[PDB]
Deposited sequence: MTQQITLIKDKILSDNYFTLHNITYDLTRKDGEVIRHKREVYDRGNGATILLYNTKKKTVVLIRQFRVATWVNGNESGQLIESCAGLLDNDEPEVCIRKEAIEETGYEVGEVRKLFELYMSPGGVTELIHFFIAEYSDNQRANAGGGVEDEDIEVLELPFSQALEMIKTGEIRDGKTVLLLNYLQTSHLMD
């Protein structure tokens, strides 16, 4: 219930900011218990899945991700849905803009899905999720069903990407 901020210690502020936050929780009859956690703030982002109900395909993005490279992704290439850190603007604008610039497709009306914390134990990151129809950074158009199999094989292994493809499966918008 009651949370009190005790200390905000900056551990690094190179570009993003890492904090050690000292804080106090009250247990029931407080019984105030002190905790101290690292918190990483890279701001919030948005992501969008592009899909074609006609030829039954989706558009996805492949690029080198260094944080995967030093942690078991041998070549470091990661297949992901289009995405980007939010700039100083409404989320709906930034994502339209990422989609054009990363994929080269012009995108119609977007649909807002939800806003999710992707890794809330130590990162603040909130992502806004969107889907839309459509008609170096490697641009992959591939059939929906191949994308879905790629999940099962481990070839797609990006949390937000799997989440989107799964959402799209259950939407039946591809049915």
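Engineer: Tell me which segments of the deposited chain sequence are not represented by C-alpha atoms in this structure.
Structural biologist: Counting from residue 1, the stretches without coordinates are 1-2, 138-151.
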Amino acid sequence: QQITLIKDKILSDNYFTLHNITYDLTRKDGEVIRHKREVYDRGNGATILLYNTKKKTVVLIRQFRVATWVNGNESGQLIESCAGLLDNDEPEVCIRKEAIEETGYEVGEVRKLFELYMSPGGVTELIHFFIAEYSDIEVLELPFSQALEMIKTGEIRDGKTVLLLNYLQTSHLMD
From here on, numbers count along this sequence of modelled residues.
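Engineer: Taking the recorded C-alpha temperature factors, which stretch has the higher mean, 60-68 or 140-148?
Structural biologist: Going by the record's values, the stretch with the higher mean is 140-148.
Engineer: Look up the CA B-factors in the entry and say which stretch, 71-79 or 98-106, has the higher mean.
Structural biologist: Between 71-79 and 98-106, it is 98-106 that shows the higher mean C-alpha B-factor.
Engineer: Out of 40, 129, 134, 117, which shows the largest CA B-factor listed in the entry?
Structural biologist: Answer, based on the entry's C-alpha B-factors: 134.
Engineer: Divide the modelled residues of the chain into thirds by Cα B-factor and specify which third, lowest, middle or highest, holds residue 50.
Structural biologist: Middle third, going by the recorded CA B-factors of the chain.
Engineer: For residue 113, return the chain-relative third of its C-alpha B-factor as stated in the PDB record: lowest, middle or highest.
Structural biologist: Middle third.
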